[PDB]
Amino acid sequence: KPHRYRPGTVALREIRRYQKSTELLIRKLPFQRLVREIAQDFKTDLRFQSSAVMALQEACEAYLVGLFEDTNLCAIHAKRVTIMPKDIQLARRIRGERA
Amino acid sequence: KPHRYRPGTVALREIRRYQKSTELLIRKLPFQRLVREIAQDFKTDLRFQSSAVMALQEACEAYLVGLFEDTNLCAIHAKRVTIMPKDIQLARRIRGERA
Amino acid sequence: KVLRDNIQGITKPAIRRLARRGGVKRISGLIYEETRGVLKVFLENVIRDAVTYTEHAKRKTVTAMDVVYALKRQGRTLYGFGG
Amino acid sequence: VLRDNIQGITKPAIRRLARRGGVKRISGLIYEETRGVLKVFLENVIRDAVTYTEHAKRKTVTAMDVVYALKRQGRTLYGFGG
Amino acid sequence: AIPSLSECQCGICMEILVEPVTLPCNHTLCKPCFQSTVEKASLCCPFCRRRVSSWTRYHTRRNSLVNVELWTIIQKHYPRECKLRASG
Amino acid sequence: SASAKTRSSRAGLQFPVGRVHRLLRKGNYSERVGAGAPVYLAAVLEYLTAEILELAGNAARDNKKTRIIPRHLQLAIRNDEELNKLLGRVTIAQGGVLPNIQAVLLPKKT
Amino acid sequence: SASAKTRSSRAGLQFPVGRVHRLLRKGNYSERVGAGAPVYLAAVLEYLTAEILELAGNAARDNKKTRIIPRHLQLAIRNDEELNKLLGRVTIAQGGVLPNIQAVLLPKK
Amino acid sequence: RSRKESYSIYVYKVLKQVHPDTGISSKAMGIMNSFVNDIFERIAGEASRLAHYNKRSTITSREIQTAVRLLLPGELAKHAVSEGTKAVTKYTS
Amino acid sequence: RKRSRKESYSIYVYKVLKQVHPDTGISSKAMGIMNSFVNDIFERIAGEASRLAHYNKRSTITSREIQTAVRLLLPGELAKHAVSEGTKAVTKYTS
DNA sequence: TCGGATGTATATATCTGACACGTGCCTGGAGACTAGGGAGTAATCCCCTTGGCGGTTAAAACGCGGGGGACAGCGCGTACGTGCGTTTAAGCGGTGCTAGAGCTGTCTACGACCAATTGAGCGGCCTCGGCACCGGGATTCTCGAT
DNA sequence: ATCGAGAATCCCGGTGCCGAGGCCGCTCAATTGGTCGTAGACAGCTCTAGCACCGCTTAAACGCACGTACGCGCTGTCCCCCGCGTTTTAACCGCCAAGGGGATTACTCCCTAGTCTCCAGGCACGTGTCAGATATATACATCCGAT
Ligand SMILES: [Zn+2]
Ligand SMILES: [Zn+2]
């Protein structure tokens, strides 16, 4: 009889765990590699200082957290608890960046 | 046999009629009176240029038209065709005008 | 010259016409109260901005140019009234 | 030359970010869309930042230009200068 | 009605049509010549002076300015003569 | 161009250059204004105005009218997305909206 | 008050005034700057800074810490109403987010 | 009285240069006047901020170039910078 | 060689913090955030005053310019308190 | 599937007022010359950013059981679109009053500008404690068993 | 309802370490003073549009009755993320290297601010006239109860 939690309770525990915490979420090296991807795409032979990519990560995660707040609101609107594509497209339009 | 349209067809007709047309939609005298109410609530004995009232009313119709686009698609997100208040509060919340 | 509850002056058919321009068919019966409320809040915001512009210039009448300035300050820039 | 790096935004990273947003259940289609919107946001921000840097005849970008690019997008940020 | 190479000469540079692009005025010109007459000029059609700048943006966002049917016809009828201009 | 004519004609533009230079100098943007900035800015304005005017003229002609009205400007701005992206937050007096209805809102084919 | 001292002290303030006056002048906002405008601006800046630091200090004390960190500033800005309305849009680095769970999402028997 | 300063005649001239047949109403003329003023303010403010960022004190041509690149979206910005540089070169020579 | 001069509002924020909470320290990151906040608010108020002065064809940024800009920019109670304390400060300075 | 019923697109007279064009001038724009300082350009230096191992290991991928939740369908009883008669208050017109917006001229207290000056504030170093963290113990939700 | 086992969490203590804060050096930016050209305050004058009123027409709102679309709740089904256990890999920490370009200074020049004179492009003003609003008469697309 192994211990087995019901689905969602540990998810809520780590709701609290990652809201009371402040550390960065996206793994640093792949993220800065993706930033270098975009940079060399737009203009070749570009160099980055650490503070620049750290600020980029700050803004990126803030944007994603806000978008996820909005998508959670949208999902709650449809009497659902599982976020879905259409929630994301609705939020992305409604904030005004796609129209 | 009295003639009665099925519920909805004239609604679409007048949707098209109002979308293709660009006349003013709110009677100017009640809007002017309400604007004067707000003004006298702010400061007493103000005077209104007719162009100023026109600008207020144009801004108001722009705001309501945008908000109604947004709340209509928010309502149809929930598999509905009737816009109820919760659509409006959610749309304003996710737009960010009420926090 | 005080006035009474002219927010009712924004009559039900006005909200209906605005919603029809908004691409809707079916309107909930109690949509009108919060539509009036949001209209009202938008109004005291814009009127506050215009009135404080007017106050700044020793003027006792608000001009349309002040109104469009105020709308521009709210991220709602408007064209067709000068400037 | 390196490519196909959008997958660097891993599964549990997206789960943790959405979870910080108060989301419990995430459908399997969410992650590719999050990658896409993140890619678009990076494209915009990097475009503005590299424009700023190329203007100043600097071939290395700085956090100051990054925060300027954020500000120009109406996305001002605190904690790196300005 | 398939025109000969003389009509296949671009009306400006007197060279053949390579990657043809068709404006709404049915006027066609080569892509190097098209670029030279839009980015280095007043954004006017080289023949009737019409400005299709809006059309230019509209069909360059999707990179669909090229008229594929005419290019296929030309490469079917002049494959080697078009390959002559490929080298530089 | 060594022509000793007005700067608008000397530069081939059609918007004024002296007016723009004065506004830049008196608009309090910098203590010094480069000589090439006003003509460049006038050229940019000329491009944008030409684009919008030709779009509005096409819209009006498609509407069988010979005079651009604010509705035509609204239609030209919204129908294109590039300008609409440039002019997302602006509103036009007596502009109206694009005629469109969401596909779900359309009636069922019975 | 007429005094021969720093203008900040004469105004009874701690923010610089001559520096603020210079940034009004050399910042290219107008060719002439009024004499009392920098004093007013310094007073407003001190008021806002004092209020935000007071809220941050209260939050830090509630967190058993005697030092201000970006998390405390983020909590102070978000929890306040009008400070939120002023700074609701902007994001603070290393600030986390408010502990907020939707009521519907809360567990049920 | 006082003199009023506007771009009405220039907009009319450009319209006739593009559309030699169609006219324009007064309200649309005011729309375009406000539009020109708005873009003027946007680009000028962006250029001033950008010059201040690099500690310069003069709006050269490249300042307006970068401002137009930032403000206008990509492809419109491309055509704008293209014929703006063309016009500057024409003015110089 | 010698390093350039880097302006910051660290000491003034420290002074006001000691005036409010005499025993509370502050970290470097929070100090930088506070400096950036001061810079942002200063830029907003100064820019609003600059446009306002240009609006009425004026040429001077007077105290009334800043007062009206503050009334425009801050929310109600914050604007009222800021206006009151700024009026107190300016009248003390001029007296 | 279909034949009335109805709103919509289309063609023609008409007439009108906003739109397009001639005018004078004047006030802002153009041209010539001067001055001085902002910016470019050479050099250089040293801060830091890219590239590179290499051991560890926390976290990511993968598999699997399953139970919560998405979703389709049924049914209803409500809420709202539709249409018509009523009433009401907007919209237009015309007139009359004048407070205040706009313009002019005058005088001056405010503020730009330059030389001298000295201390406020920032750069660099040193230091003592506030919190990070490991380790342990009591507490505390959470799930199954009735 | 209940009670008990089991992971997870709050609380308490010792160790330590680097960084927040204080002190010294000193360089340059704020201070003070005086002067002078002037934007602005103020007084005065004009006359425009804003305000207020009247009366008339009728467009629109309003209220009621009604029939029907559907919002919501319930039920059942299935399917697919969640939680957990196992395995692997690249993130990561620490160290090391090279060079390259960001940043700094010093010099020179040429590019724009300023001044003045002169002059015509645009604008406030006045005037003709047809593009488009308005009404009436048509045909046509589309709807809906009924076949
Ligand atoms: Zn060619
Ligand atoms: Zn052509």
# chains A, B, ... in the order shown; residues from 1 in each chain; ligands from 1
>>> residues_near_ligand(ligand="ligand 2", cutoff="12 Å", atoms="only C-alpha atoms (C1' of nucleotides) and all ligand atoms", output="list in words")
residues 11, 21, 22, 23, 24, 25, 26, 27, 28, 29, 34, 43, 44, 45, 46, 47, 48, 49, 50, 51 and 52 of chain E
>>> residues_around(residues="residue C:3", least_positions_apart="4", cutoff="9 Å", atoms="only C-alpha atoms (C1' of nucleotides)", output="PyMOL selection string")
chain B and resi 33-34+36-37
>>> residues_near_ligand(ligand="ligand 1", cutoff="9 Å", atoms="only C-alpha atoms (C1' of nucleotides) and all ligand atoms", output="PyMOL selection string")
chain E and resi 9-18+28-34+36-37
>>> interface_residues(of="chain H", to="chain I", cutoff="12 Å", atoms="only C-alpha atoms", output="PyMOL selection string")
chain H and resi 41+45+49
>>> atom_distance(atom1="atom CA of residue D:29", atom2="atom CA of residue A:89")
12.3 Å
>>> residues_around(residues="residue H:40", least_positions_apart="2", cutoff="10 Å", atoms="only C-alpha atoms (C1' of nucleotides)", output="VMD selection string")
(chain F and resid 20 23 to 24 41 to 42 44 to 45) or (chain H and resid 34 to 38 42 to 46)
>>> write_last_selection(atoms="N, CA, C and O atoms", output="mmCIF file, in the first residue's frame")
data_model
loop_
_atom_site.group_PDB
_atom_site.id
_atom_site.type_symbol
_atom_site.label_atom_id
_atom_site.label_comp_id
_atom_site.auth_asym_id
_atom_site.auth_seq_id
_atom_site.Cartn_x
_atom_site.Cartn_y
_atom_site.Cartn_z
ATOM 1 N N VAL F 20 9.242 72.552 -41.100
ATOM 2 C CA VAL F 20 9.660 71.430 -40.267
ATOM 3 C C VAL F 20 10.905 71.792 -39.467
ATOM 4 O O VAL F 20 11.022 71.449 -38.286
ATOM 5 N N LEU F 23 9.835 74.030 -36.616
ATOM 6 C CA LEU F 23 9.133 73.284 -35.578
ATOM 7 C C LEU F 23 10.097 72.433 -34.761
ATOM 8 O O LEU F 23 9.962 72.334 -33.537
ATOM 9 N N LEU F 24 11.072 71.805 -35.420
ATOM 10 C CA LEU F 24 12.091 71.059 -34.688
ATOM 11 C C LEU F 24 12.898 71.979 -33.781
ATOM 12 O O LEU F 24 13.172 71.639 -32.625
ATOM 13 N N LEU F 41 12.823 63.895 -42.278
ATOM 14 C CA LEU F 41 11.533 63.763 -41.615
ATOM 15 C C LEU F 41 10.389 64.139 -42.547
ATOM 16 O O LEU F 41 9.338 63.485 -42.547
ATOM 17 N N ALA F 42 10.575 65.189 -43.348
ATOM 18 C CA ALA F 42 9.552 65.562 -44.318
ATOM 19 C C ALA F 42 9.340 64.455 -45.340
ATOM 20 O O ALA F 42 8.208 64.202 -45.760
ATOM 21 N N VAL F 44 9.769 61.211 -44.774
ATOM 22 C CA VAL F 44 9.037 60.142 -44.091
ATOM 23 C C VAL F 44 7.552 60.486 -44.009
ATOM 24 O O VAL F 44 6.675 59.649 -44.284
ATOM 25 N N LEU F 45 7.250 61.732 -43.631
ATOM 26 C CA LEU F 45 5.863 62.178 -43.588
ATOM 27 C C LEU F 45 5.220 62.097 -44.964
ATOM 28 O O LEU F 45 4.051 61.715 -45.090
ATOM 29 N N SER H 34 -4.111 66.436 -38.182
ATOM 30 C CA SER H 34 -3.828 65.887 -36.860
ATOM 31 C C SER H 34 -2.926 64.665 -36.956
ATOM 32 O O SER H 34 -2.074 64.445 -36.092
ATOM 33 N N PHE H 35 -3.097 63.863 -38.008
ATOM 34 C CA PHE H 35 -2.246 62.697 -38.214
ATOM 35 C C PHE H 35 -0.792 63.101 -38.425
ATOM 36 O O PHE H 35 0.126 62.515 -37.833
ATOM 37 N N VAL H 36 -0.566 64.093 -39.286
ATOM 38 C CA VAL H 36 0.788 64.569 -39.541
ATOM 39 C C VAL H 36 1.393 65.136 -38.268
ATOM 40 O O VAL H 36 2.560 64.877 -37.951
ATOM 41 N N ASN H 37 0.610 65.910 -37.512
ATOM 42 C CA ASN H 37 1.114 66.449 -36.253
ATOM 43 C C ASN H 37 1.470 65.334 -35.277
ATOM 44 O O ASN H 37 2.496 65.404 -34.591
ATOM 45 N N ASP H 38 0.636 64.295 -35.203
ATOM 46 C CA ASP H 38 0.888 63.198 -34.277
ATOM 47 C C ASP H 38 2.166 62.452 -34.636
ATOM 48 O O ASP H 38 2.981 62.140 -33.761
ATOM 49 N N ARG H 42 5.555 62.099 -32.426
ATOM 50 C CA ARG H 42 6.109 60.796 -32.069
ATOM 51 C C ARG H 42 7.567 60.683 -32.493
ATOM 52 O O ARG H 42 8.440 60.359 -31.678
ATOM 53 N N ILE H 43 7.850 60.962 -33.767
ATOM 54 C CA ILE H 43 9.206 60.778 -34.271
ATOM 55 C C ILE H 43 10.158 61.782 -33.635
ATOM 56 O O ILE H 43 11.294 61.440 -33.292
ATOM 57 N N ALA H 44 9.721 63.032 -33.466
ATOM 58 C CA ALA H 44 10.591 64.036 -32.865
ATOM 59 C C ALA H 44 10.917 63.692 -31.418
ATOM 60 O O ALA H 44 12.070 63.814 -30.991
ATOM 61 N N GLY H 45 9.917 63.264 -30.645
ATOM 62 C CA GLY H 45 10.181 62.865 -29.274
ATOM 63 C C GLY H 45 11.091 61.658 -29.188
ATOM 64 O O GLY H 45 11.992 61.606 -28.345
ATOM 65 N N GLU H 46 10.874 60.670 -30.061
ATOM 66 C CA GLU H 46 11.744 59.501 -30.069
ATOM 67 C C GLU H 46 13.176 59.888 -30.414
ATOM 68 O O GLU H 46 14.123 59.408 -29.782
#
>>> interface_residues(of="chain F", to="chain K", cutoff="10 Å", atoms="only C-alpha atoms (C1' of nucleotides)", output="PyMOL selection string")
chain F and resi 31-35+65-67
>>> write_last_selection(atoms="N, CA, C and O atoms", output="PDB file, in the first residue's frame")
ATOM      1  N   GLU F  31      19.025  71.216 -28.446  1.00  0.00           N
ATOM      2  CA  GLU F  31      19.561  72.563 -28.601  1.00  0.00           C
ATOM      3  C   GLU F  31      20.062  72.798 -30.020  1.00  0.00           C
ATOM      4  O   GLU F  31      20.044  73.932 -30.511  1.00  0.00           O
ATOM      5  N   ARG F  32      20.510  71.743 -30.691  1.00  0.00           N
ATOM      6  CA  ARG F  32      21.002  71.822 -32.058  1.00  0.00           C
ATOM      7  C   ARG F  32      20.234  70.842 -32.932  1.00  0.00           C
ATOM      8  O   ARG F  32      19.914  69.732 -32.499  1.00  0.00           O
ATOM      9  N   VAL F  33      19.931  71.262 -34.156  1.00  0.00           N
ATOM     10  CA  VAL F  33      19.222  70.436 -35.124  1.00  0.00           C
ATOM     11  C   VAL F  33      20.086  70.309 -36.369  1.00  0.00           C
ATOM     12  O   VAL F  33      20.507  71.320 -36.943  1.00  0.00           O
ATOM     13  N   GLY F  34      20.353  69.072 -36.780  1.00  0.00           N
ATOM     14  CA  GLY F  34      21.132  68.852 -37.981  1.00  0.00           C
ATOM     15  C   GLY F  34      20.413  69.346 -39.221  1.00  0.00           C
ATOM     16  O   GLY F  34      19.185  69.380 -39.291  1.00  0.00           O
ATOM     17  N   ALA F  35      21.202  69.746 -40.218  1.00  0.00           N
ATOM     18  CA  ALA F  35      20.642  70.282 -41.452  1.00  0.00           C
ATOM     19  C   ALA F  35      19.919  69.231 -42.282  1.00  0.00           C
ATOM     20  O   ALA F  35      19.027  69.584 -43.059  1.00  0.00           O
ATOM     21  N   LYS F  65     -17.322  57.086 -55.108  1.00  0.00           N
ATOM     22  CA  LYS F  65     -17.340  58.466 -54.650  1.00  0.00           C
ATOM     23  C   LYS F  65     -16.038  59.143 -55.049  1.00  0.00           C
ATOM     24  O   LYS F  65     -14.995  58.496 -55.169  1.00  0.00           O
ATOM     25  N   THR F  66     -16.109  60.457 -55.257  1.00  0.00           N
ATOM     26  CA  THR F  66     -14.978  61.238 -55.742  1.00  0.00           C
ATOM     27  C   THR F  66     -14.436  62.191 -54.681  1.00  0.00           C
ATOM     28  O   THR F  66     -13.823  63.209 -55.010  1.00  0.00           O
ATOM     29  N   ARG F  67     -14.653  61.878 -53.406  1.00  0.00           N
ATOM     30  CA  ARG F  67     -14.168  62.735 -52.328  1.00  0.00           C
ATOM     31  C   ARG F  67     -13.961  61.885 -51.086  1.00  0.00           C
ATOM     32  O   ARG F  67     -14.909  61.260 -50.600  1.00  0.00           O
TER      33      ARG F  67
END
>>> select_by_dssp(residues="stretch 20-93 of chain I", states="alpha helix (DSSP H)", output="PyMOL selection string")
chain I and resi 20+28-55+63-73+76-93
>>> write_last_selection(atoms="C-alpha atoms", output="PDB file, in the first residue's frame")
ATOM      1  CA  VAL I  20      11.024  56.722   8.305  1.00  0.00           C
ATOM      2  CA  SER I  28      21.908  47.031  -3.162  1.00  0.00           C
ATOM      3  CA  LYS I  29      19.290  45.591  -5.528  1.00  0.00           C
ATOM      4  CA  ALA I  30      16.480  47.373  -3.689  1.00  0.00           C
ATOM      5  CA  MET I  31      18.613  50.524  -3.745  1.00  0.00           C
ATOM      6  CA  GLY I  32      18.939  50.296  -7.525  1.00  0.00           C
ATOM      7  CA  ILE I  33      15.211  49.665  -7.888  1.00  0.00           C
ATOM      8  CA  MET I  34      14.500  52.743  -5.761  1.00  0.00           C
ATOM      9  CA  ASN I  35      16.935  54.810  -7.839  1.00  0.00           C
ATOM     10  CA  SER I  36      15.230  53.692 -11.047  1.00  0.00           C
ATOM     11  CA  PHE I  37      11.814  54.464  -9.547  1.00  0.00           C
ATOM     12  CA  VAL I  38      12.943  57.979  -8.630  1.00  0.00           C
ATOM     13  CA  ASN I  39      14.322  58.471 -12.139  1.00  0.00           C
ATOM     14  CA  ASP I  40      11.104  57.201 -13.741  1.00  0.00           C
ATOM     15  CA  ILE I  41       8.825  59.409 -11.633  1.00  0.00           C
ATOM     16  CA  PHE I  42      11.067  62.419 -12.250  1.00  0.00           C
ATOM     17  CA  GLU I  43      11.015  61.781 -16.002  1.00  0.00           C
ATOM     18  CA  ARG I  44       7.230  61.386 -16.026  1.00  0.00           C
ATOM     19  CA  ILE I  45       6.550  64.563 -14.035  1.00  0.00           C
ATOM     20  CA  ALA I  46       9.119  66.633 -15.929  1.00  0.00           C
ATOM     21  CA  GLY I  47       7.842  65.464 -19.313  1.00  0.00           C
ATOM     22  CA  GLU I  48       4.229  66.148 -18.391  1.00  0.00           C
ATOM     23  CA  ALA I  49       5.224  69.636 -17.251  1.00  0.00           C
ATOM     24  CA  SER I  50       7.208  70.185 -20.462  1.00  0.00           C
ATOM     25  CA  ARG I  51       4.273  69.289 -22.696  1.00  0.00           C
ATOM     26  CA  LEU I  52       1.925  71.324 -20.492  1.00  0.00           C
ATOM     27  CA  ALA I  53       4.139  74.404 -20.802  1.00  0.00           C
ATOM     28  CA  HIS I  54       4.386  73.953 -24.573  1.00  0.00           C
ATOM     29  CA  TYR I  55       0.595  73.554 -24.652  1.00  0.00           C
ATOM     30  CA  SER I  63       5.833  75.685  -9.760  1.00  0.00           C
ATOM     31  CA  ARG I  64       2.259  75.693 -11.069  1.00  0.00           C
ATOM     32  CA  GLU I  65       3.464  73.564 -13.990  1.00  0.00           C
ATOM     33  CA  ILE I  66       4.752  70.859 -11.641  1.00  0.00           C
ATOM     34  CA  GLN I  67       1.672  71.137  -9.415  1.00  0.00           C
ATOM     35  CA  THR I  68      -0.705  70.627 -12.329  1.00  0.00           C
ATOM     36  CA  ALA I  69       1.455  67.798 -13.693  1.00  0.00           C
ATOM     37  CA  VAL I  70       1.319  66.046 -10.311  1.00  0.00           C
ATOM     38  CA  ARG I  71      -2.453  66.522 -10.242  1.00  0.00           C
ATOM     39  CA  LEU I  72      -2.627  64.911 -13.693  1.00  0.00           C
ATOM     40  CA  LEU I  73      -0.319  61.989 -13.008  1.00  0.00           C
ATOM     41  CA  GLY I  76      -6.460  61.016  -6.143  1.00  0.00           C
ATOM     42  CA  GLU I  77      -5.307  60.723  -2.533  1.00  0.00           C
ATOM     43  CA  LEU I  78      -1.640  60.481  -3.523  1.00  0.00           C
ATOM     44  CA  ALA I  79      -2.008  63.574  -5.706  1.00  0.00           C
ATOM     45  CA  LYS I  80      -3.711  65.495  -2.895  1.00  0.00           C
ATOM     46  CA  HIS I  81      -1.038  64.619  -0.332  1.00  0.00           C
ATOM     47  CA  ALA I  82       1.774  65.367  -2.787  1.00  0.00           C
ATOM     48  CA  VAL I  83       0.236  68.733  -3.692  1.00  0.00           C
ATOM     49  CA  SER I  84      -0.204  69.660  -0.029  1.00  0.00           C
ATOM     50  CA  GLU I  85       3.326  68.709   1.018  1.00  0.00           C
ATOM     51  CA  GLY I  86       4.860  70.346  -2.051  1.00  0.00           C
ATOM     52  CA  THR I  87       2.970  73.567  -1.371  1.00  0.00           C
ATOM     53  CA  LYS I  88       4.252  73.452   2.207  1.00  0.00           C
ATOM     54  CA  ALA I  89       7.822  72.905   1.008  1.00  0.00           C
ATOM     55  CA  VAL I  90       7.739  75.659  -1.616  1.00  0.00           C
ATOM     56  CA  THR I  91       6.162  78.205   0.731  1.00  0.00           C
ATOM     57  CA  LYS I  92       8.757  77.357   3.388  1.00  0.00           C
ATOM     58  CA  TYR I  93      11.554  77.754   0.830  1.00  0.00           C
TER      59      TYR I  93
END
>>> interface_residues(of="chain A", to="chain K", cutoff="8 Å", atoms="only C-alpha atoms (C1' of nucleotides)", output="ChimeraX atom specification")
/A:3-5,7-8,27,29
>>> atom_distance(atom1="atom CA of residue C:33", atom2="atom CA of residue C:11")
10.8 Å
>>> atom_distance(atom1="atom CA of residue H:68", atom2="atom CA of residue A:95")
24.8 Å
>>> select_by_dssp(residues="chain D", states="strand (DSSP E)", output="list in words")
residues 25, 26, 60, 61, 77 and 78 of chain D
